[PDB]
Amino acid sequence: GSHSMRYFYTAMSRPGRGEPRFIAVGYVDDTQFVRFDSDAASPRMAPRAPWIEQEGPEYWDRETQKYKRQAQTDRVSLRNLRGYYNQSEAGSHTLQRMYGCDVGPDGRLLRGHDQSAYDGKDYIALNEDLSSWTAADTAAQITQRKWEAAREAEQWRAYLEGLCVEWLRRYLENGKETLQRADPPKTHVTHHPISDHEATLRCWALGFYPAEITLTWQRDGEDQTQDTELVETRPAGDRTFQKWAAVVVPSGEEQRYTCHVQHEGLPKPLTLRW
């Protein structure tokens, strides 16, 4: 029922080679819908989902200019940051930002987000109040003061409560056939002896969307929390996801074990066995 829009910006300096590279990607839930890359050839902003290709040239040009303005801003930021940390003019550095809005099933704002990081560590974050900042270190207190003076949080609040939510609603409607349809997992259980007295049971989930999923193993109905091995959820490359969970069991006791699969695309969870 609930949904999110999120942007992910990365700016990477390369002093003496060129201006910093700026790349942005945007998502609705777990679906990417846009990329901008200052280093790409032609064109620099590309659509990544079909429902976005429905938008017209005014929309595209508007977004393009926002990306171009941000790339310039990020160049100033990276310069300022090397000063803040008394760094050499020679090393490469990375500035990241992640922002967006979460809405409930009624399309109403649940909460907004904006966060930045420098060289992979938290730098400054908008608090959930959309009115104040958390500086992660002493240097980020510089930005905090500058942004307080500029009433930067007020601009964020206006965006997060307004256009962020409005546009997310629009994308969800235009993209409803995919964005609002959960694809349940395709499942199976496999068996792999590790010796003649123990064997691995592996419970698979393939082809599911969104990425959130819960795979568990039980022995006679008791959860095997501490003895289940999970791989990280991984992308299939076609917008769907994959995961597996494994337990190692005494040979000949396989019948005691059940795999349980919970996913938004499954009205009732699945129970699977070897």
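One rule holds for the numbers: they count along the sequence shown, beginning at 1.
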Taking the deposited Cα B-factors and averaging over 99 to 107 and over 164 to 172, the higher mean is found in 99 to 107
Output the stretch having the higher mean C-alpha B factor in the entry; the candidates are 151 to 159 and 190 to 198. 190 to 198
In terms of recorded Cα temperature factor, pick the maximum from 234, 219, 62, 69. 219
If you compare 77, 94, 131, 138, which has the highest Cα B-factor in the entry? 138
Splitting the chain's C-alpha B-factors into thirds, which one does residue 35 fall into? middle
Ranked against its chain, the third holding the CA B-factor of residue 258: middle
Binned into thirds over the chain's modelled residues, the C-alpha B-factor of residue 13 lands in the middle
Divide the modelled residues of the chain into thirds by Cα B-factor and specify which third, lowest, middle or highest, holds residue 6. lowest
Looking at the temperature factor on the CA atom of residue 181, which third of the chain's modelled residues does it land in? highest
